[PDB]
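Take the sequence shown: its letter number 9 is residue 13 in full-length UniProt numbering, and every next letter is one higher. Ideal placement from N, C-alpha and C gives every residue a C-beta, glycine not left out. Input: a single structure, listed below in structure tokens.
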Amino acid sequence: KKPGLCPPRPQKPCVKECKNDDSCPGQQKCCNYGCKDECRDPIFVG
């Protein structure tokens with residue numbers, strides 16, 4: 005996977021943007037929020 009944590013998001017809209025982190029560009033992760041999979045910039049614990 006890619007490092008970092010997924011950021012907090014609202015649960016909707018129920019879109020699916022991605023299969024896995026590699027679906028997403030650059031450092032972005034494929035983050036699940038229930039009914040939603042969204043590409044997000046991660047939060048690094050630094």
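With distances taken between CB atoms, is the gap from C34 to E21 smaller than 9 Å? yes
With a CB to CB cut of under 6 Å and the five nearest residues on each side skipped, what residues in its chain are close to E42? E21, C35
Shortest alpha-carbon distance to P14 belongs to which of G50, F48, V49, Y37? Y37
Only counting the same chain, and skipping five residues up and downstream in sequence, which positions put a Cβ closer than 6 Å to that of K5? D25
Strictly by DSSP, which residues pair up with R13? In DSSP, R13 forms no bridge with anything.
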